[PDB]
Each structure stands twice: as structure tokens, then as C-alpha cells.
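Encoded as C-alpha cells, the structure appears first; notes follow it.
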Amino acid sequence: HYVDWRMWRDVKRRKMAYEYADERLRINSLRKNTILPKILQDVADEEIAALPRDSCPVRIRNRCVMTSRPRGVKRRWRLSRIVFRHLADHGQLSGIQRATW
Amino acid sequence: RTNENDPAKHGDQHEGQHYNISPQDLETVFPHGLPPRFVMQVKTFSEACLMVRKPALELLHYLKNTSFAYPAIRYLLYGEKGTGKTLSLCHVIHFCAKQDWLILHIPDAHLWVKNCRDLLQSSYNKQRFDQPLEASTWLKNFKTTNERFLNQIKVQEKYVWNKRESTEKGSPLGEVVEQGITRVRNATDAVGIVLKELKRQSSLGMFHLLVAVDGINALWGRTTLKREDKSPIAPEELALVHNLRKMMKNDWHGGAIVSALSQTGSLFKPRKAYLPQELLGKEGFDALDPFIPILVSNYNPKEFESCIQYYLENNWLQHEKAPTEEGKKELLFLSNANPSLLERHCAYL
Amino acid sequence: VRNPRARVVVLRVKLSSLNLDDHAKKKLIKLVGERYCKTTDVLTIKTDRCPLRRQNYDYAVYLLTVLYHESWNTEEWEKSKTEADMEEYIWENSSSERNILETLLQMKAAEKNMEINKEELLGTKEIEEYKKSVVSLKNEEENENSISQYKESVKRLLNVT
Amino acid sequence: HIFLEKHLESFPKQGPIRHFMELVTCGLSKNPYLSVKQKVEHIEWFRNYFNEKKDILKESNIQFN
Amino acid sequence: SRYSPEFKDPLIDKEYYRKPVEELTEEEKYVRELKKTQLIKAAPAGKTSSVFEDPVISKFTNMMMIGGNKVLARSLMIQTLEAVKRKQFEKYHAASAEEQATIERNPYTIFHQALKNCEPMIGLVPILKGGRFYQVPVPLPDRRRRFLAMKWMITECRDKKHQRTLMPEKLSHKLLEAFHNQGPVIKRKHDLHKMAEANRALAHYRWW
Amino acid sequence: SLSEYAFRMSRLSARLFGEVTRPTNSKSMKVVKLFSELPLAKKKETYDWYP
RNA sequence: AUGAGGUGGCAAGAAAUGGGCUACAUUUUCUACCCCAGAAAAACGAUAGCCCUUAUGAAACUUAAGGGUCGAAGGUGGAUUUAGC
Ligand SMILES: Nc1ncnc2c1ncn2[C@@H]1O[C@H](COP(=O)(O)OP(=O)(O)OP(=O)(O)O)[C@@H](O)[C@H]1O
Ligand SMILES: Nc1nc2c(ncn2[C@@H]2O[C@H](COP(=O)(O)OP(=O)(O)O)[C@@H](O)[C@H]2O)c(=O)[nH]1
Ligand SMILES: [Mg+2]
Ligand SMILES: [Mg+2]
Ligand SMILES: [Mg+2]
Ligand SMILES: [Mg+2]
Ligand SMILES: [Mg+2]
Ligand SMILES: [Mg+2]
């Protein structure tokens, strides 16, 4: 029942990345050192590449939790600028007020 | 203003009063090392009057009571920037020249550790670098300062320059000086030979030596000269600095190592660094130890009034308000009686 | 109620309180490094590696224990303490002492009287004041007063006044 | 939580693998968010991975197991 | 303007504040009494009661400034004054006693006189009669005259014709030329006057 | 580089404080920093981003 | 299937034009210092190009940083036009 298909894709990607975070962490740790043999590093590289694409953490997009806007999303509140402005103007966000100085 | 112009007789009675230098003495003793602004002032006024100050007087007392038998003593002039350390050293240099010493004058050791376009490799020691341009400049200046002693003093070794050219024992030091000057590539080697010969022969009573080094702190500091591979160079690699360090050791006798710290022109030092340790570092302070530090402080009110009167009589202070007591007070405040600040202010005032 | 910052525990102790000798104190200072504020004479250990506050507290106490015991302990390589590895300047066997000794030897040789030796020269009060001034300049902050004291000492030693 | 050396006894006592596992253990000890079980899981996974890849290690002259 | 309209510009003159109370006219005493109960701005960082303070040189330094580098501008100004004074002293000493009477060595006086010489008396302003603007000659206020003198001097110095010549020397040389009523600045002033005289026929196009 | 005494004391301090005892370059310290923190994916702010 | 999913791929310059950054230097450039210095000065001038390394990333010729390499156009700019009390 997510906002849109793009949000659904993002949710699936987040689930998968969380699921495979540990294995990616370990394999990337193997790849990211100058100590181990380079042959071992190469096999680690091919393996990490062989992991499913959607598990890549970078593929996660921080969309607005409410309207699925892919840009202009404040991380602290996870709300697009439009929705954040709506709520703040209606005074529904604690401690947020129009700035003047 | 003193009728006393002999640099030995004047003392505390002359403290705070001027001391004149004749044009011939200025040309001979001081072909270099005088502050650029003082050189300009002399050019403008046609006269060279240095106020007699307690630091110079005390250094003169020490040099008059110096026992040439004892190992050469190190005197170190230190003080806030623009306190007149360089000109006090020049005053003592003139006194020594009139007493007929041999003045080994380093106008500024800072120049020898920075901004060198021509930095070759020493032929005598392949691990050391040459500074031929500055070496030749200083050699010319030293020749001018000490021509009269130059011929009289003899060498005591065989000094090869090329695979075929050399200087033979008993040759006058003027031969070495001429070789260094005319042949720029051999300037560093000539400077080293000159320093070594003077240091050895001073212990033999052939003369009284005065090693007067301005900006002595440079020798044991850092240098802004980078190798061909952009590698930083430490001072010891520079033969000139190495030989000068050798000279700066009290191991010999028959002379005095007078030197002045000078933060101006220093490298990797804060602006306010003026104390001996602050300006020398561990290595420099240990090398100079033991030494006699002499403090050069800003003008006391009497000296300040004397300098203001000197400028007024020369007519330098053109501002119509300069002669007034209010103008004098304003100058005193804006300069805190500092010699350099007062001179710069009066320049445009 | 969880709060990640809640797990940090700080342990502050004045080294004066710890029963440490001179060598142990110096070794402990070198080991701790910036964790020791000399201005306040306070060693601070901030532990946040363990998840729990109790675990971090236990680890901080353990770190204090191990640091103290190793500081009192001694190791073979310690004997190779170069001058560049000391923070308290020691005039003894120092460059300044060697230089002043050589100067005194030169002065007395010029006097031609071989009534001299290391102990004889170093026993005089003049050397005592000179070394006091040199140590003060080297360790304590330098100023006009200290420089003047050093000047007087050097003048007295060199017999020039 | 901190002293994880006791878990490395299965790995070679010296060599590139030992150095790498020392780094890994240092990181795990500094990590506060993971449980002791999770840290042990990481180390055991590394052990199993190297055991399986032993052939490559021996061909490359790194002794293991 | 952070200063409200009530605030008045400070007056900085020790002589004015030390003037005897008896010498004050009714209006002057009233002015002092009014200022006793008035708001005054803070003394600007550019001026002080220093007897050596020169407003003309202060304004010249401000005009010479580039990007708020008051330090560099003041340094250039003092270097120019020192160079002028040194040149005058050299000429004085090298000159015979008779002409030494005329040779002047006060750099401030030289600067003031050079600027006064360079001041253009009559300017060219666009005046529109019937919908067409023409460059009518016109009298200028003293403020505009002084500003034009200073601006011409500074622009002439900044020109690129003098290459590898430091601003102190450039400005000292040009100031001496102007003092002796020669040089490109005086030439420019004469050119402006010549253009005005040529366009004298359009003077009536002015209405004020 | 460094005096032997100071280097040995630094290694001892690292051992006491639980840091890497062996010499190591930054390329390999990457491993330490990786394992010292939760992966971005594991962070609750990430995997629980959406309500 | 104008819906959903997967792989790959475009996102370039003939050329014009808008805004900004860099400069055309001597009130400049480098060094030290943060304002009393020493050198440079036909050199000034790229954040452009090419090569290498590194950071992040699974993926870097194409993203960013650093270094090396090259020292290019340019020499205060037309009418016109922007901002500032
Ligand atoms: N005895 C003197 N006679 C004339 N002028 C003097 C005298 N002493 C100092 N001055 C003036 O002060 C300057 C000389 O002082 P000097 O530059 O040597 O000072 P300093 O303390 O060594 O400063 P720095 O920080 O540059 O080393 C010159 O401007 C000179 O006009
Ligand atoms: N070329 C040359 N230089 C000499 C000679 N004697 C002295 N010098 C100069 O002084 C240096 C040698 O001084 P010396 O007392 O041998 O000490 P060193 O420099 O430490 O070897 C040389 O590097 C030169 O600068 C000589 O015979 N030939
Ligand atoms: Mg992204
Ligand atoms: Mg000086
Ligand atoms: Mg579709
Ligand atoms: Mg480039
Ligand atoms: Mg990579
Ligand atoms: Mg170039």
C-alpha cells in the first residue's frame, strides 16, 4: 500500500540491503586491504559482484516517507520539503517556527 | 649630538647623544649590513649619525675588557623587533674597525637560507650545496672592508680549486679572495677557506678578529631552499652555513663572536618571537651556549627626545605640528618609543 | 528509552593521587599521551567501546589498572632513552655542561695552570648557579628575568663583567 | 567484548591472514553496537571462508589450517 | 542605516571643545546646549583628533583603496609621501642656496598644491532642451572639483603605461609634475577646459 | 622517522588501549573502520526508513 | 498494457545565448608571517587537456581530491547592460 511503485521498489531494496549487509561487509573487508593475496582479492571482487544487484547499499534512495518525492527530502524528518512545509506551517512539528533575524 | 666621534672614548656620558660616521668610514667599514632604511636615511641627510645607546656601550665595555687569551666569547644582541639590534651591531663594528680589528661581517645570515636561484653542489664535498651568488657578494664586501689586512695576511695551506688550479702556502689571502670573486663557481670554497684561515690565524695573534653576524638565528633554523627533487634542505647541507657555524664556536681565541638575533626575515618563526631561545631553538641555543645575551629595548624618553631633535634639526619632520609638544607626544604614543616604528612614522610625517 | 550516548563513561584521576615514582609517572604520561592534561595534572579515560555503561566502567577501571602496573614496570628497550625522548631537561651530561666545561678548560689552559679537573671545576658555586639558570630556561618558560639571570651567570663564569 | 584474540586460535599464528584477522578483531572490539555473538559470527565466517579458500592460499604460499 | 535619524555626526576638534565659554555667541552657546541633549554616532575608525590627521589624504587613500584593503592603501600613501619628501630633499641638497629658498620639502603642501592645480574649474554636463541632450559647459561645486582632481590623479597612476613601476614612485612623480604644473593630469584638465571652451556656444542650453 | 624508545612506547600504548599493534597503512585501516561501525544498510535509520 | 518487473543504453556538440568561477598582474606573483621581510616581474595567467595515485562505490577514461605533465586563450573589453545608499 506504499505511495507508489517507486516507493515499493525502494522498500524492497532496503529490505534486501539489510538482509545482505553482513555478507557484503565481510567480502568488501576482504577486498579493501593491501594485506591479503591479490588472487584472494580478485575472487572476493567477483563474488561481491555476483551478489544480487539490489543488495548494493548505494542503490537505496532516501525518498520522502509520505509522498515519495525523490529529492528535497530533509533527512532528520524524512519528509519532502512540501510536506514538511505543510506540517510546519500548520504547527504540527514541535519546536519549528518561521525563521526571522 | 656629540663632538665625540671616536668610537672608544664615548661612554655613559655620551649615552643618548649622537655619534657621527665619516663618508670614507661608511664606504669602507659599511659596504653592507646597514639596515636598508638607515642607508636611505644616510643618503637623504648626507650624514650618518647613530645614537649612543646602553646596549652598544655595554658591548663596547665588554670588547674593551676582552682578554684575547681566553676563548673567543659570544655576545648575542636580542630584543623586540626594530629595537636597533642591527645598528648597535654596526656601531660596535665601527668601533672594532677603528681599533683596527679584522671584521668578518655577515650582513644577514637569513639571506643565505632562502630565495637562492643558483644552488649548485659543492665540489669539495659532494654532499653539500653551494650558494655562489651570495658567496661572491659577501666576498666582494669583505674584500672592500678588509683590503688593508687582506694582503698582509697569508695563507698556510694548499687550496686546490680545479684539477689544475690551486693556491700555494704563503700566498696572500687576497689571492683566495680574488679567485672567489672573479670565479663565481669557487665563491663558496673561497668563503670556506677564508673563514678557516682567519679562525686558525687569530689564535696566532696575527690580528684581533671580530665575527659580527647579523640574524645569527638563521644558521640553526630551517631553510626554504628545495632540492631539484623538491626536497627540503637543512642548513648544514649549505657549505656557507656549515662554515659559519664552525666559525661560531668558541674553540678559538683572539677575537669576539658578536651576533644579533633578528626575527625580521626569519623562517617559520612567529612575529612576536624575540627571546634568544624562542628565536634560536634547541639546536641553536645549545650551539651558542655559553653566551652573553644583551637586551636592546625601545628608546627611553631621553633617547627618544634626542632622536626627535635630530630629525627636527635635519628638517625631516616637515609637518607643521611636529615641533609642538602635542606632536611629540603623539609620535611617542604611536611608536611606543620603538626606533623602527618612529623612523617609519617620521618618514611620511 | 535507548540512547547511544548513554554508554560513555569518563574516569578522571589526578596522577598525584596515584602512588607513582618519577620514572613510572613519566612512563605513564608518555603512554597516555593527550589523555593527560599536565596543566590540571589530570588523567582522563573516556570509554565507549562496550555497549553497556557498566561494561564501559569496568573497562575504564581495567585500563587504569593496566596503565598503573605497566608504568611501575620496566622494559629493556627503555634504557635507550635518547635526549629527544625526555621532557624534563637534565643539565647533567648535557651539551651545555660539556660546552661550559670545555670553555673552563680552555680558560685555565690559557692561564697555563694545570690545577684543574672535572670535579674541581664543577664543584664551584658559579657552575651551580649557571646550571640552575640553564635548567630554568630550558624547562620553565623563558622571560626577561630568566634571561638576565642567565646573563649574570654566564658573565660570572666567563670572568667578564 | 574487547579481547577477541581468544577466538583467533584457529587461524595461523603469523602471516597475512593473521595480520588481517588482527585488524578485524581490533575493529570488532571497537564496535559497540554488535553483540558478542555477532562478533563471534563474523570471526567464524572468516574462519570458514579461509578454510574453503585454503587451496588459493597454499598456491599463493600462505600457510593455513 | 542602523543609526536612527536622531543621531548626529560627531565633531572632532579639541580646539572647538576647548574654546572659551566667553567667546561663544548666543547661537553657539545654544548649539552646545542642544548637543548636550542629542544622540551622537560613534567616532568612525577613519578619523581621530591626531594633529597630523589630514582629511584630504584620508579621502585620497579611500579613493585609492581596492576591496577594503585599507592597510595596503595607507601603505601606498605613506610610501608616496616618503618618496616625494626624499626627492625634494635630494633636490634641495643638490641645489644652490638661492633656489633652495623656493624648493619646497613639505610633502603635505606639495600634495595639496598639486591637487589644487589639477582641480578642473568648469565641467561638461549633459543638459536637455527640447528632448536632445548636449554637453554644456557648467560651473562645478568644490566637492566635484576636488573629487575630479583626485580621480584623475589616481586613474593616471593606475594606467598601464607605467609598467613595473611601483605605485609610490608613480604617484610621487605625477604629484611633483602636477605641483610644477606639468604632466598628464594637468594636460587632461586643460583638455577638459579646451573642450568646454569649444562648446561655449551651447552655454545657454543650461537653465539653472 | 622516530626514536626507537618513543616508537616502542607508542606500540605499548596502542597494545594497552586496544588499537592495532602491528604497523598498518590506511588502505588496511579501512578494514578496522569498516568493522568498528554498523553498516549503513544495517543502521536502523536506513532499513526502518519507511513507516 | 498508456500497467508492473529485469538487462543494457542516451544524456554529445555545428553553433548561439544566459549566470558564475578563473585571469589579464606591479594595489601584482612565490616564500615566511599574519601586516616593518626576501625574491619574482614577458613572467602573470586553467578548477582546461593528457598521465598517475588516492577517497566512495559492486562497478570511477568517464564522480571528487592530490600529484606529475603542458604554460594554452588572454593583455581591463563596442554599443548596451547589472547591483549597490
Ligand atoms: N643608534 C641609532 N642611530 C640612528 N638610528 C638608529 C639607531 N638605533 C636605531 N636606529 C633607527 O632604528 C633602525 C635601526 O634599528 P634596527 O633595524 O637595527 O633594529 P632591530 O631591533 O635589530 O630590528 P629588527 O627587528 O629589524 O631586527 C633604523 O630605522 C634607524 O633609523
Ligand atoms: N677547494 C678547497 N676548498 C678548501 C680547501 N681548504 C679549505 N677549503 C674550504 O674549506 C672547506 C674545508 O674545510 P675543512 O677544515 O677541511 O673542513 P670540512 O669542510 O669539514 O672538510 C672546503 O669545503 C672549502 O670550502 C682546499 O684545499 N680546497
Ligand atoms: Mg544516491
Ligand atoms: Mg634590525
Ligand atoms: Mg510503461
Ligand atoms: Mg591541472
Ligand atoms: Mg577501488
Ligand atoms: Mg609560469
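Chain labels A, B, ... are given in the sequence in which chains occur in the C-alpha cells; within each chain residues are numbered consecutively from 1, and ligands are likewise numbered from 1 in the order shown.
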Q. Would you list which chain G residues are within 9 Å of chain B using only C-alpha atoms (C1' of nucleotides), as a list in words?
A. residues 31, 32, 33, 34, 36, 37, 38 and 39 of chain G
**Q.** Surroundings of ligand 4 up to 6 Å, based on only C-alpha atoms (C1' of nucleotides) and all ligand atoms, as a PyMOL selection string
**A.** chain B and resi 82+84-86
Export of the given selection (N, CA, C and O atoms) as a JSON list (two decimals), in the first residue's frame:
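Full text of result09.json as output:
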[["chain", "number", "residue", "atom", "x", "y", "z"],
["B", 82, "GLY", "N", 62.78, 45.81, 15.65],
["B", 82, "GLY", "CA", 63.04, 47.21, 15.41],
["B", 82, "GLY", "C", 63.60, 47.96, 16.60],
["B", 82, "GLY", "O", 63.49, 49.19, 16.65],
["B", 84, "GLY", "N", 66.70, 48.27, 17.16],
["B", 84, "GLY", "CA", 68.01, 48.76, 16.78],
["B", 84, "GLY", "C", 69.14, 47.78, 16.95],
["B", 84, "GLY", "O", 70.30, 48.21, 17.05],
["B", 85, "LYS", "N", 68.86, 46.47, 17.00],
["B", 85, "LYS", "CA", 69.92, 45.49, 17.19],
["B", 85, "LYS", "C", 70.95, 45.58, 16.08],
["B", 85, "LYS", "O", 72.16, 45.57, 16.32],
["B", 86, "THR", "N", 70.48, 45.67, 14.83],
["B", 86, "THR", "CA", 71.39, 45.69, 13.70],
["B", 86, "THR", "C", 72.30, 46.91, 13.75],
["B", 86, "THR", "O", 73.51, 46.81, 13.52]]
Q: Pick out the residues no farther than 9 Å from ligand 8, counting only C-alpha atoms (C1' of nucleotides) and all ligand atoms, and list them as a PyMOL selection string.
A: chain G and resi 43-45+71
(Q) Please return as a ChimeraX atom specification the residues found within 9 Å of ligand 3, counting only C-alpha atoms (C1' of nucleotides) and all ligand atoms. (A) /A:58-62
Requested write-out: N, CA and C atoms of the selected residues, as an mmCIF file, in the first residue's frame:
data_model
loop_
_atom_site.group_PDB
_atom_site.id
_atom_site.type_symbol
_atom_site.label_atom_id
_atom_site.label_comp_id
_atom_site.auth_asym_id
_atom_site.auth_seq_id
_atom_site.Cartn_x
_atom_site.Cartn_y
_atom_site.Cartn_z
ATOM 1 N N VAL A 58 24.259 1.558 -2.109
ATOM 2 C CA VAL A 58 24.155 2.833 -2.805
ATOM 3 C C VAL A 58 22.855 2.943 -3.582
ATOM 4 N N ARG A 59 22.268 1.816 -3.981
ATOM 5 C CA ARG A 59 21.020 1.860 -4.730
ATOM 6 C C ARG A 59 19.852 2.359 -3.898
ATOM 7 N N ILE A 60 20.005 2.452 -2.581
ATOM 8 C CA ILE A 60 18.923 2.944 -1.742
ATOM 9 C C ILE A 60 18.777 4.443 -1.947
ATOM 10 N N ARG A 61 17.555 4.884 -2.223
ATOM 11 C CA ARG A 61 17.249 6.294 -2.408
ATOM 12 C C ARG A 61 16.412 6.782 -1.237
ATOM 13 N N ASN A 62 16.833 7.888 -0.634
ATOM 14 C CA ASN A 62 16.140 8.449 0.522
ATOM 15 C C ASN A 62 14.973 9.290 0.024
#
Q | Two-atom distance - atom 13 (O, counted along the ligand's line) of ligand 2, atom CA of residue 177 of chain B (Å) | A |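 It comes out at 15.7 Å.
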Q: Could the residues of chain A within 12 Å of chain G, counting only C-alpha atoms (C1' of nucleotides), be given as a ChimeraX atom specification, please?
A: /A:4-6,8-9,24-25,27-28,31-32,44-59
Any chance you can output those residues with N, CA, C and O atoms as a tab-separated table (two decimals), in the first residue's frame?
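Saved as selection30.tsv:
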chain	number	residue	atom	x	y	z
A	4	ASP	N	3.82	4.62	-4.05
A	4	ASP	CA	3.87	4.33	-5.47
A	4	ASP	C	4.81	3.17	-5.72
A	4	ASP	O	5.48	2.67	-4.80
A	5	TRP	N	4.86	2.74	-6.98
A	5	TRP	CA	5.73	1.63	-7.35
A	5	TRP	C	7.19	1.95	-7.08
A	5	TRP	O	7.96	1.06	-6.72
A	6	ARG	N	7.59	3.21	-7.26
A	6	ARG	CA	8.96	3.58	-6.95
A	6	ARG	C	9.25	3.40	-5.47
A	6	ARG	O	10.31	2.89	-5.09
A	8	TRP	N	7.73	1.29	-3.54
A	8	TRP	CA	7.77	-0.15	-3.31
A	8	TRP	C	9.13	-0.72	-3.70
A	8	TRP	O	9.68	-1.57	-2.99
A	9	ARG	N	9.67	-0.28	-4.83
A	9	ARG	CA	10.99	-0.73	-5.24
A	9	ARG	C	12.03	-0.34	-4.20
A	9	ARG	O	12.91	-1.14	-3.86
A	24	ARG	N	28.05	-8.61	2.51
A	24	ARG	CA	28.74	-7.56	1.77
A	24	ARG	C	29.83	-6.93	2.63
A	24	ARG	O	30.93	-6.65	2.13
A	25	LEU	N	29.55	-6.69	3.91
A	25	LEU	CA	30.56	-6.12	4.78
A	25	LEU	C	31.81	-6.99	4.79
A	25	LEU	O	32.93	-6.50	4.61
A	27	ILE	N	32.86	-9.44	2.67
A	27	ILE	CA	33.56	-9.57	1.40
A	27	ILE	C	34.27	-8.28	1.04
A	27	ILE	O	35.42	-8.28	0.57
A	28	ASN	N	33.61	-7.14	1.26
A	28	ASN	CA	34.24	-5.86	0.98
A	28	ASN	C	35.45	-5.65	1.89
A	28	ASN	O	36.45	-5.06	1.47
A	31	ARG	N	38.19	-7.35	0.29
A	31	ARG	CA	38.68	-6.68	-0.91
A	31	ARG	C	39.45	-5.40	-0.59
A	31	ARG	O	40.32	-4.99	-1.36
A	32	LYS	N	39.15	-4.76	0.54
A	32	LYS	CA	39.62	-3.40	0.82
A	32	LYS	C	40.86	-3.39	1.71
A	32	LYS	O	41.00	-2.51	2.56
A	44	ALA	N	37.30	-12.42	-4.23
A	44	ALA	CA	36.35	-11.66	-3.43
A	44	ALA	C	35.62	-10.63	-4.29
A	44	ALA	O	34.41	-10.42	-4.12
A	45	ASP	N	36.34	-9.97	-5.19
A	45	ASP	CA	35.71	-9.00	-6.08
A	45	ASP	C	34.64	-9.65	-6.93
A	45	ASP	O	33.52	-9.14	-7.04
A	46	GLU	N	34.97	-10.78	-7.55
A	46	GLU	CA	33.98	-11.44	-8.39
A	46	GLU	C	32.78	-11.88	-7.57
A	46	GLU	O	31.64	-11.79	-8.03
A	47	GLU	N	33.01	-12.34	-6.34
A	47	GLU	CA	31.89	-12.78	-5.51
A	47	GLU	C	30.98	-11.61	-5.16
A	47	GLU	O	29.75	-11.68	-5.33
A	48	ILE	N	31.56	-10.51	-4.67
A	48	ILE	CA	30.73	-9.36	-4.29
A	48	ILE	C	29.97	-8.86	-5.50
A	48	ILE	O	28.80	-8.46	-5.39
A	49	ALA	N	30.60	-8.87	-6.67
A	49	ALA	CA	29.86	-8.52	-7.88
A	49	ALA	C	28.76	-9.52	-8.17
A	49	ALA	O	27.70	-9.15	-8.70
A	50	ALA	N	28.97	-10.79	-7.82
A	50	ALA	CA	27.98	-11.82	-8.08
A	50	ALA	C	26.78	-11.73	-7.14
A	50	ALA	O	25.73	-12.30	-7.45
A	51	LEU	N	26.91	-11.04	-6.01
A	51	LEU	CA	25.75	-10.85	-5.16
A	51	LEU	C	24.66	-10.10	-5.93
A	51	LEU	O	24.96	-9.36	-6.87
A	52	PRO	N	23.40	-10.28	-5.55
A	52	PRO	CA	22.31	-9.65	-6.31
A	52	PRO	C	22.46	-8.14	-6.34
A	52	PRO	O	22.90	-7.52	-5.36
A	53	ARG	N	22.08	-7.54	-7.47
A	53	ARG	CA	22.31	-6.11	-7.66
A	53	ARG	C	21.61	-5.28	-6.60
A	53	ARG	O	22.20	-4.35	-6.04
A	54	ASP	N	20.35	-5.60	-6.31
A	54	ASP	CA	19.57	-4.73	-5.43
A	54	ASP	C	20.14	-4.67	-4.03
A	54	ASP	O	19.76	-3.77	-3.26
A	55	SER	N	21.04	-5.58	-3.66
A	55	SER	CA	21.64	-5.55	-2.34
A	55	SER	C	22.67	-4.43	-2.18
A	55	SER	O	23.12	-4.19	-1.06
A	56	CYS	N	23.05	-3.76	-3.26
A	56	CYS	CA	24.04	-2.70	-3.16
A	56	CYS	C	23.48	-1.56	-2.32
A	56	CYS	O	22.41	-1.03	-2.65
A	57	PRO	N	24.14	-1.15	-1.24
A	57	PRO	CA	23.57	-0.07	-0.41
A	57	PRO	C	23.38	1.23	-1.16
A	57	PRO	O	22.42	1.96	-0.87
A	58	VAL	N	24.26	1.56	-2.11
A	58	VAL	CA	24.16	2.83	-2.80
A	58	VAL	C	22.85	2.94	-3.58
A	58	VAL	O	22.38	4.05	-3.83
A	59	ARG	N	22.27	1.82	-3.98
A	59	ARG	CA	21.02	1.86	-4.73
A	59	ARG	C	19.85	2.36	-3.90
A	59	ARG	O	18.80	2.66	-4.46
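The nearest approach to chain F among the residues C:50, C:6, C:42, C:107, with only C-alpha atoms taken into account, belongs to C:50.
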